[PDB]
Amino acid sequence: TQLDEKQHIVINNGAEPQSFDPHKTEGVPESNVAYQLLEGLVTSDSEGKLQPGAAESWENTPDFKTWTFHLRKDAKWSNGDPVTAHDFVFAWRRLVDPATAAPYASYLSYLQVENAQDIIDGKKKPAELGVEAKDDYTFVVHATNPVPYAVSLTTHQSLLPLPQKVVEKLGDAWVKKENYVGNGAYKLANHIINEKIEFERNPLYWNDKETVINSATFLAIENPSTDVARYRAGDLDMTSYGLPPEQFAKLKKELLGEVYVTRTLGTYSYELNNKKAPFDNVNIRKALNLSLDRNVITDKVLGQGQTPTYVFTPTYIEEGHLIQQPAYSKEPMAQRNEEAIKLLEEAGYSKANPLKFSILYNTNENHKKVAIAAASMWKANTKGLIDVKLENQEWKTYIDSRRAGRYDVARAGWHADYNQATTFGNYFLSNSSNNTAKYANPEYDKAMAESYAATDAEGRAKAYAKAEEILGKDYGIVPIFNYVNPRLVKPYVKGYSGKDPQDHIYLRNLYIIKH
């Protein structure tokens, strides 16, 4: 082979993104766009290993509380403005500022940056945040507790810089295609809502000399069977994650070498609205957990290597090893189901007067299949005491419904943002901006709070096991399985491994070969 003269690629991104402003979003389709247009302090290769981004060098004090980043002195934004430490100060302050209403506001609290939580609570002004431009090219981060995993946290979309001069001038409109300015490998060529996003090289990117792909198109195909049919017709080069379960064994044999799949740091759940009747009743949350047979979903509905789970954190994540699956998961279903029926009758439900709710999910045939199966099991397993409807919404609408609390039970799927257990544990803090379940237990908050001071991995791992135990005894959610990330990838696409624990995909890591 050799490199193709044309370096164009078409990738399914799966949904129309909520926004291209990383302070306004919390989803994978959105981050996939942001990572092409913007670059944070540190970035990664195709396997998720760290490499210099906007910062060419960095260091930490021995107590893991002070992090210093040396930015590139000649780096520019795509409009020619210099990239400076002031852009990072600006962006990080904007993320925690309540006026931004950022879904990931809490991420800086997770990093333990001084005053981040007070600012999110409105007790201090965003300028009190513990980050500084010591000079134009030196950005320093001050944490209140040891955060030895800090560098990995800095790769997340929510900590991408923004072009201060542009955003201050244009406000939220900076994001329009005509106005967008970034320091990633690409820039926006075109955007047709619900159809396509087109990328072109950002020639001012500091590492443009190593970018190979010249142009790329993201599609917004919601259903896996549509994705696969487009791929087969040669009209896209990489599917989104997820393949039709009925086709999976065949695809693997027929398109041998094109199907990538591995276990993923992700958990699929039904999130229960803990402040909406009747899911504010732990008894009912418990009955739903008891009566859902996870193995039906992972073995009969899906069958792609998803593994059943009854806890939120994947136990194979770094420092997750002490977390235990709850004892009910070891009971026969017949025992679990009788228990669930008693709970529901104790709560006043009967065949004539069942527990009625809708499963909210984002349009996607695989989510539909899982919801049909869940509805079916809950009804049958409780002998008619639960009656479930399905409510499918387009991605953007689904996201807004979850955040607004306009749901009873919602399909959910959380991917690790960094390879350390707190990317999951921190989600269920009572004051987390990510916690759309409205779960709140001060004991849970305290078990996580006590982990942040811990000096070592075992002490952190014990605290995460306790947090999970409290969340599990509260039945705060309904965990179903841990993800795998099956995707089809054409044989002429190289640089994709699928082995990145954060499952980032950077166009600047790909290339097209010929023959």
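In this text, the rigid core denotes the largest set of C-alpha atoms whose superposition between the two forms falls within 1.5 Å. For every residue, the number given is its place in the sequence shown, counted from 1.
Structural divergence in 6 other deposited structures of this protein between 60-68 and 30-38: following superposition by the core, 60-68 has C-alpha atoms lying farther from the shown form. Between 408-416 and 261-269, the larger root mean square Cα shift in 6 other deposited structures of this protein, once each structure is superposed on the rigid core, falls on 261-269. Averaged over their C-alpha atoms, the temperature factors of 314-322 and 194-202 are higher for 314-322.
Once the C-alpha B-factors are averaged per stretch, 59-67 and 445-453 rank with 445-453 first.
In the PDB entry, the Cα temperature factor peaks, among 39, 30, 45, 469, at 469. The entry assigns its greatest Cα B factor, within the set 132, 81, 128, 408, to 408. Sort the chain's modelled residues by C-alpha temperature factor and residue 88 lands in the lowest third, per the entry. In the deposited entry, the Cα temperature factor of residue 77 sits in the bottom third of values across the chain's modelled residues. The entry lists a Cα temperature factor for residue 494 that places it in the middle third of the chain's modelled residues.
Ranked against the other modelled residues of its chain, the C-alpha B-factor of residue 267 as given in the entry falls in the lowest third.
In this PDB entry, the Cα temperature factor of residue 52 sits in the bottom third of its chain's modelled residues, the lowest group.
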